[PDB]
Amino acid sequence: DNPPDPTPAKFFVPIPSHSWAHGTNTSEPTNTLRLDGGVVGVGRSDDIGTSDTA
Amino acid sequence: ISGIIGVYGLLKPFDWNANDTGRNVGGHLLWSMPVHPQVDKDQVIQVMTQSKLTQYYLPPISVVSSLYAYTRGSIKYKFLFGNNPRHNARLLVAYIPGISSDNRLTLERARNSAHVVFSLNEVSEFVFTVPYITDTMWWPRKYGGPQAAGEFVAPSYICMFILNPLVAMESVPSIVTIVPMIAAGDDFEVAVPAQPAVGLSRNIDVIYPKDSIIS
Amino acid sequence: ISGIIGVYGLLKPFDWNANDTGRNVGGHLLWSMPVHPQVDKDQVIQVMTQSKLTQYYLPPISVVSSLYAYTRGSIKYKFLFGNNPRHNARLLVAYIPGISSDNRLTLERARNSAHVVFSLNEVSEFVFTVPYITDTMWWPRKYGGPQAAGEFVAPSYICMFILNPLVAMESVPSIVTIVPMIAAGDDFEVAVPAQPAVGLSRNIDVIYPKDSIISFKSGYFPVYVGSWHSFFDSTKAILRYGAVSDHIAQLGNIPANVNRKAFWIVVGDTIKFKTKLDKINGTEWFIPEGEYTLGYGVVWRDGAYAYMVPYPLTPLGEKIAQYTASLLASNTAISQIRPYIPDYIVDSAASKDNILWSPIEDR
Amino acid sequence: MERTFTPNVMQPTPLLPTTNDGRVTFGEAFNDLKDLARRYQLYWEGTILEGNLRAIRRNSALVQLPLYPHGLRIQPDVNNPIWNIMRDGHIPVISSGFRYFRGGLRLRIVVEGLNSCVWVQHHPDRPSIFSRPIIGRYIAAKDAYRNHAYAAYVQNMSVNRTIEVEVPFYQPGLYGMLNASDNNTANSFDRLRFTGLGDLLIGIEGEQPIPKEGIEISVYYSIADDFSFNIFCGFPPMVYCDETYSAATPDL
Amino acid sequence: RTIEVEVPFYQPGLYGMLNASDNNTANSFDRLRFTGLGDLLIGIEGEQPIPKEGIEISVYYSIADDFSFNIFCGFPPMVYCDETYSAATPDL
Amino acid sequence: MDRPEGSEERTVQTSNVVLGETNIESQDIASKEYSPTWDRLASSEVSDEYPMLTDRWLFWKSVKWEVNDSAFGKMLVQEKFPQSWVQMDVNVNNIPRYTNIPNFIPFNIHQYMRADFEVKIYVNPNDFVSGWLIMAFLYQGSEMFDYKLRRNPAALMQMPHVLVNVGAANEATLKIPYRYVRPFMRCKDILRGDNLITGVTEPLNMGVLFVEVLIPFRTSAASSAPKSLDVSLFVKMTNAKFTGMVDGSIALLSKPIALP
Amino acid sequence: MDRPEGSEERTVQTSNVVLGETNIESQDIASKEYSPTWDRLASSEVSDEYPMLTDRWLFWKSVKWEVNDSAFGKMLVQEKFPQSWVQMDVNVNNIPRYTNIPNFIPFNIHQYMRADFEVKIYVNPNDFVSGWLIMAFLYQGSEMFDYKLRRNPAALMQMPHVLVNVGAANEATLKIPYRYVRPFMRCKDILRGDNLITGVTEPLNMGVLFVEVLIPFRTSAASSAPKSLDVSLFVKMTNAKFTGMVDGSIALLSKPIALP
């Protein structure tokens with residue numbers, strides 16, 4: 001079985017990069033240089049506080 | 001990984017001569033080296049080739065560790081003795097945290113760190129699972145890449161001292177060979193993929209930089 | 001696929017002569033070949049064309065298999081006999097795993113493998129569904145692509161032996177033709193799409209590589225088939241460029257990349273010549289005395305000079321040419337290669353001009 | 001079982017508390033070599049000039065590439081700085097500890113300098129018996145031109161200069177041999193059809209001339225999802241990368 | 001630089017003939033309208049000159065999803081690909 | 001020794017053979033044990049089994065190692081396995097034959113074969129010597145590009161192996177499950193290529209069996225002290241299957257090509 | 001013949017061998033069939049059985065009988081059974097060997113053996129000849145004081161036998177249950193006497209198989225009419241048991257002594 005897919009192509013606009021200005025309240029696609037390809041973040045404990053940038 | 005690095009690899013063997021009235025005495029250092037997953041190069045069986053690279057017989061724990069940047073955990077040092085029921089001795093093997101050489105090492109100091117005392121009385125094999133004592137959680141590998149890229153040093157030292165000297169008899173070999181072997185403890189882990197510290201020995205050719213050559 | 005490869009295809013028929021007091025005896029090998037889905041080329045009906053490609057009448061199981069890389073399963077060999085209720089015989093057909101030729105094959109050995117015994121008593125058709133006995137699960141196809149790309153060999157052998165010789169009577173034909181046919185068993189499968197081993201016969205044209213072509217040096221052509229004394233006392237055929245002696249056509253430079261066991265095929269215009277060859281001991285190899293076209297050649301080296309030996313454009317001539325080239329390759333005794341060379345009868349017509357040859361090699 | 005046999009244990013301290021193979025300190029785990037073998041590495045890389053190809057380039061092949069999970073036999077020379085000092089990647093090092101395998105490989109062909117079209121074919125029934133690639137005009141006709149019916153992919157460089165393909169396992173046996181020798185006459189059959197995944201051919205499809213600098217083809221590879229390193233035999237002896245270029249000249 | 005199209009079956013009859021001859025005068029009608037899907041024409045739309053090397057056009061094809069090979073007659077005789085370029089020169 | 005009889009000797013029986021042992025063994029298994037399933041896809045002919053013949057513990061080689069030829073890594077045994085064992089009965093011209101040993105008699109009439117193997121190594125030293133052996137197995141090792149480099153005892157320690165402590169006089173058994181590129185091995189030299197094709201395969205070469213010196217054999221300096229010690233091997237088959245029935249002479253056995 | 005195929009051919013399969021027949025047979029059984037019980041009292045070693053090897057229908061001799069040598073009582077076959085069959089593979093010096101035929105391969109490694117036998121006789125004549133054969137069996141006949149007198153076809157008619165009507169072209173099967181003075185036969189020449197003792201026994205001589213002319217083979221006088229006809233034999237074993245495992249060369253096979 002090899003059914004045709006004549007679904008109309010969508011119009012898309014190519015841009016070279018994601019937002020440069022946004023720093024909060026949004027996701028940022030990127031190529032993570034890790035072995036784990038999921039949403040990864042460095043480990044923590046009480047030895048290491050939370051960011052004190054309030 | 002755990003199933004790989006659990007397999008023992010052989011280290012450079014050495015002879016233990018009962019008739020050596022000079023060396024076979026209480027307090028004598030028989031064997032010692034820094035403790036790290038890659039073994040020191042001079043404690044591993046080698047094959048040299050003129051104008052080529054040296055081949056090293058690295059144990060499984062050493063091969064795997066050269067693929068990763070960090071390492072931690074206990075190491076199992078198995079000691080195999082070529083003896084029979086006539087031979088007898090007692091050894092003191094110690095783990096000295098924060099020491100890389102035997103420059104200040106004596107039996108009467110080694111007893112002041114984590115250590116074990118083995119009796120060679122009709123026993124040919126025993127394992128010394130050494131601890132991991134560090135001021136940090138992961139420890140950087142010792143051997144890295146070309147031009148010593150990303151290299152560092154070992155955190156601790158293992159040393160074997162003569163407590164009670166080897167005894168044999170006249171109808172029995174006076175030399176007892178000791179074969180050290182190494183494997184990862186159950187608590188061993190490897191952190192971070194990096195440039196392999198090693199390459200295969202299928203092709204041991206190498207082109208040294210022309211700019212450094214002198215004549 | 002199963003519905004396609006289940007259809008029987010015809011293989012090269014053969015005659016079974018009841019009056020042959022030499023061949024029609026117990027233990028005689030009537031027919032044999034390797035077992036694989038593509039049939040051996042010499043067991044299939046052919047049509048040859050001078051300067052073109054040979055057309056092979058491949059069975060459906062053979063055509064489909066040439067599209068795939070691997071194959072496995074049982075093969076149905078149907079045997080059809082041209083007999084009537086007077087004829088009688090018993091045959092032993094066997095499947096020999098791990099054997100590719102009949103070099104060590106005898107009836108008294110064949111009975112020690114999977115085999116069947118057929119009686120020709122008022123029976124004209126029977127099927128021998130042979131097993132698949134291999135040391136692996138898929139078996140690589142035998143014929144592949146250009147320059148024997150991805151080719152291999154067959155895993156087993158099928159052989160038909162005479163148990164009880166054919167009997168006829170005086171009021172009945174003494175020859176019984178046997179027509180072998182082939183189809184896939186119900187357990188047959190084909191693994192992996194690859195370059196087709198085959199092409200259509202709508203266009204049988206082919207352009208042989210110009211870099212491999214060889215010919216005669218200038219002034220050493222036109223050529224004709226003849227004899228000279230220093231070659232088996234001028235009883236064998238070679239190509240000459242004149243009637244003065246030691247005037248044997250010389251070949252041009254022969255490239256070193258050409259295999260030593262390779263014989264040659266004529267590409268351009270050619271000639272006809274009358275030759276013969278008597279039956280060779282231990283084989284059914286003989287060439288009756290007739291006029292044949294020149295299709296094949298084998299290179300005979302004498303020092304810094306290279307000469308060419310002519311062979312007829314016939315499927316048997318192809319086999320004898322190849323075998324001769326192989327004998328020269330192993331430095332076989334000059335006296336033992338003699339029976340594999342066509343005989344000299346009479347000088348033949350000359351060629352219009354030079355004759356071009358291309359390197360080929362068979363199993 | 002002797003390989004892991006540990007008699008008369010003498011353990012001065014308790015074990016070291018776990019980090020779940022790095023998951024506690026870093027955000028990810030490191031417990032399987034198979035995961036590392038799925039991180040791409042260089043398989044082969046070379047520059048091709050017009051002089052390396054046939055005089056009349058009839059959309060002929062640029063590279064005939066043998067496919068080995070344990071990689072090619074490296075040639076360290078002044079023109080190949082990587083193989084000389086980095087030596088073999090992680091995958092050939094991993095592969096050396098195992099005898100067999102049964103899976104596919106994932107490739108990535110990067111072609112720079114060419115404005116034409118690239119064709120790629122996989123020949124599973126025709127794997128090479130040598131651990132080195134064949135280039136340009138040295139490739140036999142049977143492989144130098146596009147064959148029919150083979151799994152293929154054709155890509156214009158104008159849309160993307162990187163080709164991504166996965167090469168399947170199409171072998172008649174149980175296992176494929178890892179770390180196979182090129183000097184093998186007693187077991188030619190094993191070396192011929194039970195060792196390599198089959199050659200991968202990379203060719204050009206167009207009339208555009210090659211620049212005087214030539215084109216560069218870089219093939220990266222990694223283990224596929226259905227791949228397995230199967231029977232653990234010993235590791236072979238190794239060489240040390242820090243013994244290629246010395247630290248006696250720390251910057252060079 | 002790659003065009004992808006599917007060509008439909010627009011024929012007045014039941015079947016289309018496979019393996020049809022170009023030498024056909026007794027059945028011109030069959031050969032004309034009951035054999036081929038219809039010509040496909042590929043042209044250029046612009047004033048840009050063609051390079052001295054020329055342009056190359058490569059048309060690949062395959063069977064569509066609604067396609068059927070219908071009545072199984074015999075296979076015709078075949079030629080062998082290993083009889084084009086010989087293995088007598090294994091590399092050439 | 002505290003009884004009229006010396007002491008109790010452990011016993012191991014298989015078919016009509018009984019082996020005695022007196023000490024605690026060193027054991028290992030080359031790979032994971034399993035029951036084969038894809039061998040049935042290789043041959044439609046029914047696979048014959050001869051357990052009373054094949055499951056029999058058979059005696060292999062004796063090899064004599066002396067003090068003067070016992071160095072670290074000395075190879076007392078380097079043999080293709082199970083080829084060397086099955087082909088251990090040779091004629092005047094060193095040509096093997098499967099016709100005399102009942103365990104090998106099925107190999108003569110079958111073309112393809114498969115089984116799991118077990119190898120025992122027996123050394124019977126006195127109470128006053130010291131030394132160590134390592135017996136290891138490498139699956140299809142001779143075909144590896146670095147085979148000779150894997151010969152060093154440091155490399156053997158990483159492949160499946162067992163140890164023999166001459167100071168303890170222990171027996172040792174190494175289990176070797178069948179693993180090969182194909183679900184069957186060849187019994188003889190068959191299906192070699194032709195003019196164009198080269199499909200050549202060694203009979204029964206599933207791997208390489210090593211017996212090497214871990215610690216050199218040492219003895220008292222006294223004159224009448226044995227400076228020699230024999231090392232004996234025993235082999236048997238677990239799941240022996242044979243398929244492809246043929247005449248015992250349809251295929252020949254060549255003079256076996258040795259290892260470096 | 002009324003079909004495209006000739007007609008239906010009956011089939012008989014055993015192990016990996018398939019025999020075809022087209023007519024109604026002539027059958028007989030040498031003695032009452034039974035299951036042995038006293039063979040277990042003869043050997044404490046477990047009796048091995050190889051049904052896929054032994055239960056196989058194997059091809060024996062072809063014998064050619066002509067019109068000019070076909071007289072009443074002419075012996076086409078006079079053979080010690082099953083000795084002649086099991087020992088039908090000889091070397092350059094007419095010395096038998098059990099090493100090539102898979103059916104006989106157990107005979108090489110065992111000292112004692114027992115089985116029931118079945119013999120098929122195939123003749124494939126045309127539609128226009130006439131004659132009659134008798135195939136008969138005599139238990140340990142060669143040891144009887146009047147053996148040569150029992151060779152006459154009139155005497156064969158009274159022993160277990162089957163008939164082949166050349167005018168009908170029928171096949172024929174003769175079943176021969178094992179009966180002997182001992183619960184086992186010998187495979188080779190073993191335990192001959194010494195200086196004083198003479199205990200000498202022939203291998204596998206359970207009896208004598210005859211194939212004789214009941215009615216002489218006759219043909220049309222025409223020149224191109226076959227004046228010859230081949231007679232082929234097939235044999236197989238029913239309850240083959242082997243005991244007394246030995247090396248294949250511990251005992252030798254002599255050149256067999258023929259019958260008068």
Side-chain angles (χ1 to χ4, degrees), chain B residues 4 9 37-41 44-69 141-151 190 193-209, chain D residues 33 36-37 39-45 68-98 131-132 178-182 220-222 229 233-247, chain F residues 144-150 152 154-155 158:
Chain B
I4 304 295
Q38 311 161 307
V39 189
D40 267 3
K41 294 179 181 178
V44 167
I45 301 302
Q46 287 173 34
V47 171
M48 310 186 106
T49 308
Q50 161 59 260
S51 173
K52 310 287 186 184
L53 302 135
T54 304
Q55 304 167 85
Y56 298 85
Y57 287 78
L58 310 178
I61 183 182
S62 182
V63 176
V64 175
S65 295
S66 292
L67 299 179
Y68 293 98
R141 61 181 184 177
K142 182 172 179 180
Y143 303 123
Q147 304 177 313
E151 300 207 326
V190 280
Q195 158 65 44
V198 298
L200 300 184
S201 51
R202 183 185 191 183
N203 192 342
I204 62 180
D205 294 352
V206 57
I207 295 301
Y208 300 107
Chain D
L33 297 178
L36 181 50
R39 166 175 286 181
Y40 285 100
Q41 84 163 65
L42 193 60
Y43 188 79
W44 174 87
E45 184 179 68
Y68 302 107
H70 54 281
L72 301 165
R73 179 198 170 86
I74 63 169
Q75 54 167 53
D77 54 50
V78 296
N79 305 294
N80 298 112
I82 289 180
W83 308 118
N84 189 43
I85 62 180
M86 316 308 182
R87 290 275 142 54
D88 317 275
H90 49 289
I91 306 180
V93 170
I94 295 175
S95 308
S96 72
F98 301 94
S131 302
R132 213 55 209 156
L178 287 178
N179 319 296
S181 171
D182 289 347
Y220 292 82
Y221 88 122
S222 72
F229 291 106
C233 53
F235 280 115
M238 305 285 179
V239 294
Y240 268 106
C241 293
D242 60 23
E243 275 173 33
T244 68
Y245 278 22
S246 179
Chain F
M144 306 185 81
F145 57 61
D146 46 23
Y147 168 73
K148 290 200 300 174
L149 302 179
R150 295 167 186 268
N152 186 290
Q158 287 177 38

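All values below come from the heavy atoms of this structure, side chains included, with hydrogens, waters and symmetry mates left out. Residue numbers begin at 1 in each chain, while the letters A, B, ... track the order of the sequences.
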Item to check | Step-by-step side chain to side chain contact (heavy atoms under 4.5 Å, CB included) determination, B:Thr49 to B:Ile204 | outcome: CA-CA 9 Å; B:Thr49 308; B:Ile204 62 180; 3.6 Å; yes
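- Residues D:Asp242 and B:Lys142 are not paired through a salt bridge, judged by the lack of any N-O separation under 4.0 Å between the basic side chain and the carboxylate.
- Taking both residues in full, the closest heavy atoms of B:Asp205 and D:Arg87 are given as O-NH2, 2.7 Å, listed atom of the first, atom of the second, then distance.
- Of all heavy-atom pairs between D:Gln41 and D:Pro92, the closest is OE1-CD, 3.3 Å.
- Taking the side chain as every heavy atom from C-beta outward, D:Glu243 and B:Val206 never approach each other to under 4.5 Å.
- Proximity of a side-chain donor or acceptor of B:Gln147 to a complementary backbone N or O of D:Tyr245 within less than 3.5 Å is not detected.
- Rounding to the nearest 0.5 angstrom, the gap separating the CZ atom in B:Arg141 from the CD atom in B:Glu151 is 8.0 Å.
- Summarising the geometry, atom CG belonging to D:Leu36 is positioned 4.5 Å from atom CD1 belonging to D:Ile94; distances are rounded to the nearest 0.5 Å.
- The structure places CG of D:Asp182 at 5.0 Å from CZ of B:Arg202, a figure rounded to the nearest 0.5 Å.
- For B:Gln46 (side chain) and B:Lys41 (main-chain N/O), a donor-acceptor pair under 3.5 Å exists by modelled atom type.
- A distance-only check finds a donor-acceptor pair linking the side chain of D:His90 to the backbone of D:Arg39 [under 3.5 Å].
- Taking OH from B:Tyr143 and OG from B:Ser65, the interatomic distance works out to 13.0 Å, rounded to the nearest 0.5 Å.
- Aromatic ring centres of D:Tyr40 and D:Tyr220: separated by at least 6.0 Å.
- A distance of 11.0 Å separates CD1 in B:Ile4 from CZ in D:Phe229, rounded to the nearest 0.5 Å.
- Between D:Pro69 and D:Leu178, the closest heavy-atom pair is CB-CD2, 3.7 Å.
- In this structure a side-chain-to-backbone donor-acceptor pair under 3.5 Å is present from D:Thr244 to D:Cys241.
- Rounding to the nearest 0.5 Å places CE of D:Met238 at 9.0 Å from CG of D:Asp88.
- At least one donor-acceptor pair closer than 3.5 Å links the side chain of B:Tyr57 to the backbone N or O of F:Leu149.
- Using cut-offs of 30° and 60° on the angle between ring planes, the pair D:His70 and F:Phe145 is tilted.
- The shortest heavy-atom contact between D:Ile74 and D:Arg132 is CA-NH1, 4.1 Å.
- D:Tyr68 and D:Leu72 get closest at one heavy-atom pair: CD1-CD2, 4.1 Å.
- Annotation: side chain of B:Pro193 is in contact with side chain of B:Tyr68 (closest heavy-atom distance under 4.5 Å).
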Checklist entry - What's the verdict on side chain to side chain contact (heavy atoms under 4.5 Å, CB included) for D:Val239 and B:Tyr56, showing C-alpha distance, side-chain angles and the deciding distance? => result CA-CA 6 Å; D:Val239 294; B:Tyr56 298 85; 5.8 Å; no
Next on the checklist: Between D:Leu42 and D:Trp83, is the side chain to side chain contact (heavy atoms under 4.5 Å, CB included) condition met? List the steps.
Outcome noted: CA-CA 10 Å; D:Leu42 193 60; D:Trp83 308 118; 3.8 Å; yes
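- B:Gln38 and B:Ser66 make their closest contact through NE2-OG, 3.1 Å (heavy atoms, listed as atom of the first residue, atom of the second, distance).
- Checking side-chain atoms of D:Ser96 against main-chain N and O of D:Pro236 turns up no donor-acceptor pair under 3.5 Å.
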